[PDB]
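Visitor: Fold the following for me, if possible:
(chains A, B, C, D, E, F, G, H, I, J, K and L, ligands or ions: 12)
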Amino acid sequence: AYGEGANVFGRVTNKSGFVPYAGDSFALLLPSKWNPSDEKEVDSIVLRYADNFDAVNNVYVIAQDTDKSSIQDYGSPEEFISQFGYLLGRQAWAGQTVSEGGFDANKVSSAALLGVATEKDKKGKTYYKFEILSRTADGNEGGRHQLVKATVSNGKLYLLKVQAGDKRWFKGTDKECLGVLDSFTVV
Amino acid sequence: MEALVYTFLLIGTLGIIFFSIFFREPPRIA
Amino acid sequence: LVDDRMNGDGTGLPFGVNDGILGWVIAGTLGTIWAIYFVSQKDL
Amino acid sequence: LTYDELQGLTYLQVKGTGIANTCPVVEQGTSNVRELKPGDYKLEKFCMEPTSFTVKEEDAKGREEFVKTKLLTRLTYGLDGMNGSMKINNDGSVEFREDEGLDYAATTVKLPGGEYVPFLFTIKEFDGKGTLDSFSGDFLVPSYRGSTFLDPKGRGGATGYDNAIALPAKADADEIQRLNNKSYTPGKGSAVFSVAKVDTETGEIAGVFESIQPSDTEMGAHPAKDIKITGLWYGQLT
Amino acid sequence: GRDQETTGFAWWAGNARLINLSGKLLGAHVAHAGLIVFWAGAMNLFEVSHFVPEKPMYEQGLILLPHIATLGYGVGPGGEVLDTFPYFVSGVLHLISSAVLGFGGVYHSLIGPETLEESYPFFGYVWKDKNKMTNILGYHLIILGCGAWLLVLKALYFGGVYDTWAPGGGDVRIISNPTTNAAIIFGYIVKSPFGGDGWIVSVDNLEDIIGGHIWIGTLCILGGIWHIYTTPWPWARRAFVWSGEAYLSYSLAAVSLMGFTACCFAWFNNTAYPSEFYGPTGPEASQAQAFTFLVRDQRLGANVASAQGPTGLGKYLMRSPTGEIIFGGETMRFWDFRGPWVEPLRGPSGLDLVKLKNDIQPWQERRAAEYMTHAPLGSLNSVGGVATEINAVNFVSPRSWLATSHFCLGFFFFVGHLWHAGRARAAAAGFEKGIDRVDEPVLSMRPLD
Amino acid sequence: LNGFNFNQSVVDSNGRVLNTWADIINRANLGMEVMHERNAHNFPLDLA
Amino acid sequence: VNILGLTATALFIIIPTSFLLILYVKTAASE
Amino acid sequence: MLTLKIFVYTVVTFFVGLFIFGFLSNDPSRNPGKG
Amino acid sequence: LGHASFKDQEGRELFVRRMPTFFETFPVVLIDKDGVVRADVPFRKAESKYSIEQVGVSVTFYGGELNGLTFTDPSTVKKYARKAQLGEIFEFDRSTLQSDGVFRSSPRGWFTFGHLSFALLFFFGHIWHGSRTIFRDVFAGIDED
Amino acid sequence: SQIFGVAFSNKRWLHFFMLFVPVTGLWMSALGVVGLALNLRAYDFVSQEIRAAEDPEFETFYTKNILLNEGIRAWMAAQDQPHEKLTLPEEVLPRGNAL
Amino acid sequence: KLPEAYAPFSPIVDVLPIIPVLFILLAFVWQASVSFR
Amino acid sequence: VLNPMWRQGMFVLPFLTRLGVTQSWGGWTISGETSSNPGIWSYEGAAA
Ligand code: CLA
Ligand code: CLA
Ligand code: CLA
Ligand code: CLA
Ligand code: CLA
Ligand SMILES: CCCCCCCCCCCCCCCCCC(=O)OC[C@H](CO)OC(=O)CCCCCCCCCCCCCCCCC
Ligand SMILES: CC1=C(/C=C/C(C)=C/C=C/C(C)=C/C=C/C=C(C)/C=C/C=C(C)/C=C/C2=C(C)CCCC2(C)C)C(C)(C)CCC1
Ligand SMILES: CC1=C(/C=C/C(C)=C/C=C/C(C)=C/C=C/C=C(C)/C=C/C=C(C)/C=C/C2=C(C)CCCC2(C)C)C(C)(C)CCC1
Ligand code: OEX
Ligand SMILES: [Cl-]
Ligand SMILES: [Cl-]
Ligand code: NA
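Guide: Numbering: from 1, shown residues only, chains lettered A, B, ... in the order given. Ligands and ions are numbered 1, 2, ... in the order given. Please see the structure below:
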């Protein structure tokens, strides 16, 4: 028990809604509201943060070991995201259905990309940033948004994925998700 | 077989209601 | 069409009358009640 | 009622009248049929309207016949705005292609005895090969419910428990088709069409049709029933 | 004033003491009128004090500025605000008029004459005087007709009124040729209140609005002259109770129906309550959701006529129970909606497929997006959305506030009508105090009930 | 007009959201939400 | 439980009904 | 259905007319008191 | 039927989360030693990467009716996981008593229920009888004076 | 007697009924909570549950309530019961179409 | 916002709606003054 | 034919049927055919 005064008439400590966090060679602005989680969704996650009510809104990094020099060596962003489809989650039914619509033959889950981004660093390193709209057959909360950012350090592929919901996208979490994404620094 | 029982119990309660409304002990002023 | 209906929903249908005999019987029944009420006046 | 004055009425003049479920009827034109100009045609604004629904019913005395049914749903069964293309040849050989549009309608009818028969009145992906007087073929029929549907106890194909979890001892028993497997495999329907009252001036046709398709199977459950449907159809060319 | 021993009514019924005190009654009424005019001025100035030029008036908790803007003051094409000086002038005129009315109310309440009969026979009245009761009713009916004709004059020659149905997002338009057809005017009245008809709440064009106002103004003036120059008939005398509390009970039942009707007008009508100023209605927000999820998935290269839901019905498009094409989903229950952002896409068969595929407009698409993002869903904290949503958006629709408050007021005023109808009947009968204990009616009736 | 909305009402100096009894009500409310009319919904926000 | 429930329900009707009807017929028999 | 509609319509307008003219038939004179 | 040990594809052992008492229905999950959820029988199965058919869970048996047998078919893996949710897996002859399938209470449980309900009823009986003893003279009413 | 059909005619029995009704109600609720103390629930109707398991077409408000209760349990357990360490992933939680 | 001349009068405008609630409470204060006579 | 009503212990249905009641509201006729329009004087109708 330590004797200290309380906080009155002395202005608020934090209001910007964001907090910095430092991990294994990466610095980014985490959502100040989001709660950390201990579930390793992938066998190579360093830090995972998710929103308090829904685990739809979750942000985590991966630390895959690399045999390459640079992600430019991977090629185009389309060829790059073609290599990492298991991040979405593979379809867990072999049942045949075309009686849903909005999808393909015996497929009921899709992913449409709204664009790709390349952010060059101080000297020569680029940052591949994307935005995947991963929709579902039931339209589960309008599908989900996948904001994927990738860059390589000396090995240790540090890729950031900010999952967020479609209703969460427009009801006021878009600017928070974008602030988390564009602050992913690997130095 | 059960709908028979439920219907009988319901109309029994309604019959007791009818008898209680129209076949009560008449109150007396004295 | 497979079956016959009135299709009287919507249409701003006054008093919900789709045929004139409905308005006639409404007016006529109110009139009969008014007739018995009127002739059974100067009472009480 | 023709297609000309259907477009001449606003929303509120047909609102709730029931006119919006009716296919246009070509009042003018002829019945000679053969005067249709052959060629590569892309028909647009195909219209379809039933006039009777019958269900094959099995009887104890062995008589297999189509019974008259009561339409439980309201006027939600006709089909409008279908597109496609068709060819007409010199002798009269016509093939029919149907690709996009509102070509389906969930319909529910009552067998005598009070049995609800949901069936998807569909004409989607129709290949009508034949002559101008009559041309028949197959069309794709989706099941009814999609895989993401779930029954009153969870379950279902895409989303659900895959098990009757309301009782923790009946996990693996003779209710295999009810919980272990859910089947939504799309079936095939049989339809027959006929052309009458053609109009070569404005490129529009009419006629009656004759469809036979199965009902919903309750997602791989109690057997479906064949649904014989009769009505009128309407279309325009290019 | 008085005490209980000289009146028999306690303080929690002290206004009842001035049932027979005509001067103090008049003062209480005009002081109340001062309160109404005071709240109108105070709230109007408060609203223009809390007004932000960027955000529309439904995002800022405004309930009087949308009324003034519906009248066509300070708004232009689309509903953007051009100036707030008309709103400020309205608020200030209301405040100063409230000062005058409050001076009058305080005057008759404190030092005004006790009764107006012995000296001013034009104003003094007894409650059983049916001639003068109808005379005062006729004066007020003439006043009501004059107000209705003031709205008609405003719509015809004084700038016009705001139309949401005019092309381009709506604008302030001058009403030309109002619908004076009696069949069109009274078919709304005779109409059923249920779905598809909506009674008078389904008036959907300003021509019908101003024509109905022409009819109500002329009939109100005619009824005023009729009441000033006639006396109630013997059948009406037999049918009615002729005490002041009875007249109050009649007024309470009438304004209770008026409050319920205003609840339904705020919740459903979008021409008298334009959606740009008041926000979207419930049906409007549901149809907006289905509409923008249609156009998003079209722009993502998908088919809309196909892709039935999990139920085999149609995710985007289905058919209404009468036949015409409506938006898929639970929003099918709101298939009766009609808005300015659906009519250019809606033809004879309901939603036209080719028009819905091709003839989208940018302003319609933005309006549908905003009518999704600002649905009439909220809490008492003014937290937007359903009750499970986050505390991030500060929004409850003015439609929600108006409908809820006026349903509550309509309900209590119906109950007040019951209380006053019963007490007025019992006071005319001699029952307001209790049973007489020696001339009890039940003791003169046979047993067995 | 609904009941009171006290979700994420208390946060700490560093902005983390503390769960609260109202947030337990919110969790049960979500369970009551998603399961009700399980097939009737086609779109995320339940405006209808 | 489809026959045992039936006999339980029949017992629970008849036995207290019998008891109360004893008491009522006894009471009314005394005028 | 139209026959049923006419039957229910005449029944309802009959009973509502009974209500209207019953309350027109001098109802504040049905009291058991003085006044 | 024997202790079912579930194992992953890569080498880690998966344990079935045992059913808590409050729940009548409990979701089927498999977690590792360290306390990280690794597999489950998913309700959605949509955009998912914990399901059995992609995690690769195989079940083995030790010391029961089945000894040494290993099953890799996902359906029988799911049914053995759902049975291991309820603790040790058993065969039940269900045809002898025409068993419905839903759990029952012990003689201990019925004993506790009957005695606690009777106990509260007897608390009221005690209060009423002590009331009658303390207030014996005012049972017909109060003394009027 | 003329409004409802039956009416009180004994003041003492009227007030004893006013005493009797809430006491009997609260005692019955107490007995039921004592039953729930041992998880002796009236959760299920065995006949209707087996009928609904053997028929997808059987849907009632009681079965809707059962589904809602599964939703309540599974969506409230993780945050209400920290002692169980229930880290249910977003994957396995029960969920309808959309919403 | 208010016009520029009335900007210093915005705080006094910000209180004005509560006056009717003060009016009904003032009626109760007056009744307490006359001791509920 | 092989499970007629007198084999089912049926008692009062022979007395309905002998005088004319053959169709039912269940869609069947005991002579072996389907009651497409049974009307009001079926077995269940006479019972009610
Ligand atoms: C809309 C609200 C309202 C109004 C207009 C009135 C009006 C009136 N009431 Mg009343 N009353 C009300 C609410 C209201 N009441 C409520 C809620 C209660 C329950 C507590 C009562 C209980 C009550 C009782 C018991 C009595 C009245 C009585 C009266 C009458 C005379 C009061 C009087 O002169 O005594 C003197 C009052 C004062 C000296 C104090 C008033 C000082 C001023 C007027 C207060 C307001 C100041 C204002 C801001 C100044 C504006 C000036 C202008 C230039 C801007 C009067 C007409 C009396 C009556 O019936 O007459 C026989 C009576 O005895 N009322
Ligand atoms: C706590 C009390 C309270 C409060 C604060 C409000 C507040 C409000 N009510 Mg209201 N109301 C109340 C109690 C209350 N009410 C009660 C107890 C009832 C009975 C149940 C009602 C019944 C009621 C109805 C029926 C309506 C409202 C409405 C309204 C809103 C607008 C008021 C209005 O403009 O009316 C109108 C003002 C007048 C009639 C006075 C005369 C004004 C003149 C005629 C206007 C002149 C305009 C003219 C065209 C200008 C041009 C000038 C020239 C060039 C011609 C407003 C926010 C309206 C609404 O928005 O519905 C939701 C509405 O229709 N209320
Ligand atoms: C314009 C309508 C109107 C008018 C003119 C009157 C007039 C009168 N009423 Mg009355 N009444 C009305 C409506 C009206 N009432 C309504 C709507 C109800 C609700 C059912 C009642 C219920 C009522 C009762 C029970 C009684 C009267 C009585 C009276 C008489 C004395 C009133 C008095 O001084 O009490 C004094 C005033 C007060 C003590 C102040 C009341 C404070 C309230 C409880 C606070 C409410 C404010 C709050 C914000 C409301 C929010 C609810 C909602 C908006 C969400 C008087 C002639 C009395 C009577 O019969 O005398 C003959 C009486 O017993 N009224
Ligand atoms: C301390 C008292 C007590 C306890 C704890 C038990 C406990 C048990 N008894 Mg038992 N029993 C008791 C007294 C008790 N009994 C008495 C006094 C008798 C003689 C009548 C019996 C006769 C008896 C038989 C014949 C059988 C049992 C059986 C059983 C076992 C099965 C569970 C059960 O009872 O079904 C469930 C209990 C209930 C559903 C009780 C309902 C809960 C309350 C009381 C609701 C009733 C109130 C309401 C007014 C009733 C209206 C219903 C009406 C409409 C039908 C169980 C361990 C069975 C068994 O296992 O065989 C070995 C068996 O067959 N008991
Ligand atoms: C208008 C009213 C009416 C109608 C249309 C029917 C119709 C029917 N009843 Mg019914 N019934 C009725 C009233 C009615 N009942 C009433 C009020 C009662 C209560 C007493 C019954 C009790 C009853 C029972 C218990 C049964 C029926 C049955 C039947 C069905 C077959 C009839 C039959 O078995 O044929 C045969 C009828 C007879 C053989 C009656 C013969 C009359 C005798 C021979 C008269 C001899 C004495 C006479 C006075 C002498 C004649 C003198 C001469 C010189 C003139 C049939 C649908 C049967 C059924 O199918 O089950 C549902 C059946 O079991 N009814
Ligand atoms: C779809 C149509 C239905 C719409 C219903 C409304 C129809 C229009 C009626 C509006 C009349 C306004 C009545 C106000 C006075 C009533 C009080 C009264 O009664 O006061 C009663 C008073 C007592 O002396 O008498 C009197 O003032 C004289 C009473 C005047 C009422 C005139 C009634 C018009 C004709 C009546 C029916 C035609 C009768 C035919 C049917 C008869 C059998 C075939
Ligand atoms: C008698 C009585 C009473 C009372 C009543 C009433 C109701 C009264 C009133 C009154 C009133 C009703 C009042 C009012 C008023 C007003 C005023 C007094 C005003 C004014 C003005 C001004 C000064 C303004 C200014 C401005 C402007 C111009 C705008 C801008 C801003 C400003 C604000 C600055 C009581 C209940 C208590 C009790 C019983 C008895
Ligand atoms: C503005 C406008 C309009 C118009 C309107 C109008 C024109 C109105 C009116 C109206 C009217 C014109 C009404 C009337 C009424 C009345 C009422 C509602 C009443 C009543 C009453 C009662 C209910 C009665 C009762 C009784 C009896 C029955 C007998 C005995 C005696 C007594 C009293 C008891 C429109 C909508 C177009 C559009 C919108 C706007
Ligand atoms: O119904 Mn029963 O829950 Ca009132 O929200 Mn809309 O609707 Mn339906 O959904 Mn959500
Ligand atoms: Cl539900
Ligand atoms: Cl939805
Ligand atoms: Na849903």
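
Visitor: any idea how far the residue nearest in space to the middle of chain F lies from residue F:2?
Guide: Centroid check for chain F by C-alpha atoms, centre = their mean gives residue F:26 as the closest residue, at 4.1 Å. Distance, residue F:26 to residue F:2, using C-beta to C-beta, to the nearest Å: 12 Å. Just so you know, the C-beta spots here come from the backbone N, C-alpha and C atoms, and that holds for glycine as well.

Visitor: And stretch H:25-35, end to end?
Guide: Start-to-end span of stretch H:25-35 (C-alpha to C-alpha, to the nearest Å) is 18 Å.

Visitor: quick one: residue I:50 and residue J:89 touch, right?
Guide: Yes: under the criterion of C-beta atoms under 8 Å, residue I:50 makes contact with residue J:89 at 6.1 Å.

Visitor: on that earlier part again, pull the contacting residues for the residue nearest to the centre of chain F.
Guide: Residue F:26 makes contacts with A:53, E:388, F:7, as judged by C-beta atoms under 8 Å, 6 or more residues apart in numbering or on different chains.

Visitor: residues touching the second one, list them.
Guide: Contact criterion C-beta under 8 Å, 6+ apart gives F:7, F:26, F:29, F:30, F:33 as the residues in contact with residue E:388.

Visitor: Need the residues you listed in JSON lines (columns: distance to ligand 6 and secondary structure).
Guide: Formatted as JSON lines, the contacts of residue E:388 follow (distance: C-beta to the nearest ligand atom, whole Å; DSSP: H, G, I helix; E, B strand; the rest coil):
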{"residue": "F:7", "distance to ligand 6": "54", "secondary structure": "coil"}
{"residue": "F:26", "distance to ligand 6": "54", "secondary structure": "helix"}
{"residue": "F:29", "distance to ligand 6": "50", "secondary structure": "helix"}
{"residue": "F:30", "distance to ligand 6": "52", "secondary structure": "helix"}
{"residue": "F:33", "distance to ligand 6": "47", "secondary structure": "helix"}
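
Visitor: next one: stretch E:427-439 to chain centre, how far?
Guide: The chain centre lies 40 Å from the centre of stretch E:427-439; the measure is C-alpha atoms, centre = their mean, to the nearest Å.

Visitor: actually stretch I:133-145, sorry about that
Guide: 55 Å.

Visitor: Mind checking if that stretch is in reach of chain J?
Guide: No: Stretch I:133-145 lies out of reach of chain J by C-beta under 8 Å from any C-beta of the partner chain, never closer than 9.7 Å.

Visitor: how long is that stretch end to end?
Guide: End-to-end span of stretch I:133-145 (C-alpha to C-alpha): 22 Å.

Visitor: Next: stretch J:50-68.
Guide: First residue to last in stretch J:50-68 (C-alpha to C-alpha) measures 18 Å.

Visitor: Alpha carbons only: can I get the one helix or strand residue C:35 maps to in CSV?
Guide: If you go by DSSP states H and E, residue C:35 is part of helix C:20-39. Provided in CSV are the C-alpha atoms of helix C:20-39 (Å, rounded to 0.1, in the frame of the first residue of the first chain):
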residue,chain,number,x,y,z
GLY,C,20,-70.4,-0.9,-53.9
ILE,C,21,-72.7,-3.3,-52.2
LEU,C,22,-70.4,-3.1,-49.1
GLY,C,23,-70.9,0.6,-48.8
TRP,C,24,-74.6,0.1,-49.5
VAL,C,25,-75.0,-2.4,-46.7
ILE,C,26,-73.0,-0.3,-44.3
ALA,C,27,-75.2,2.7,-45.0
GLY,C,28,-78.3,0.6,-45.0
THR,C,29,-77.5,-1.1,-41.6
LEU,C,30,-76.6,2.2,-40.0
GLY,C,31,-79.8,3.5,-41.5
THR,C,32,-81.9,0.7,-40.1
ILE,C,33,-80.5,1.2,-36.6
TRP,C,34,-81.1,5.0,-37.1
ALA,C,35,-84.7,4.2,-38.2
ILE,C,36,-85.5,2.2,-35.1
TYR,C,37,-83.8,4.7,-32.9
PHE,C,38,-85.6,7.6,-34.5
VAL,C,39,-89.1,6.1,-34.5
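
Visitor: Next, count neighbours for residue E:347.
Guide: By other C-beta atoms under 10 Å in any protein chain shown, the residues close to residue E:347 number 21.

Visitor: residues near the nearest residue to it once chain neighbours are set aside, how many?
Guide: In space, residue E:347 comes closest to residue E:355 once its chain neighbours are excluded; the distance is 6.4 Å by C-beta to C-beta, 6 or more residues apart in numbering or on different chains. Residue E:355: 13 surrounding residues under other C-beta under 10 Å.

Visitor: quick one: residue E:355 is in a helix?
Guide: Yes: under DSSP: H, G, I helix; E, B strand; the rest coil, residue E:355 sits within a helix.

Visitor: so what's it up against?
Guide: Contacts for residue E:355 (C-beta under 8 Å, 6+ apart) come out as E:344, E:345, E:346, E:347.

Visitor: any idea which of the residues you listed is closest to residue A:117?
Guide: Ranked by distance to residue A:117 (C-beta to C-beta), the contacts of residue E:355 are led by residue E:345 at 35.2 Å.

Visitor: Just the buried residues from the contacts of residue E:388, in ChimeraX please.
Guide: Here is the ChimeraX selection string for the buried members of the contacts of residue E:388, based on 16 or more other C-beta atoms under 10 Å in any protein chain shown:
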select /F:7,26,29,30,33
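
Visitor: mind giving me TSV with the contacts of residue E:388 and columns for distance to ligand 8?
Guide: Output for the contacts of residue E:388, formatted as TSV (distance: C-beta to the nearest ligand atom, whole Å):
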residue	distance to ligand 8
F:7	42
F:26	43
F:29	40
F:30	43
F:33	39
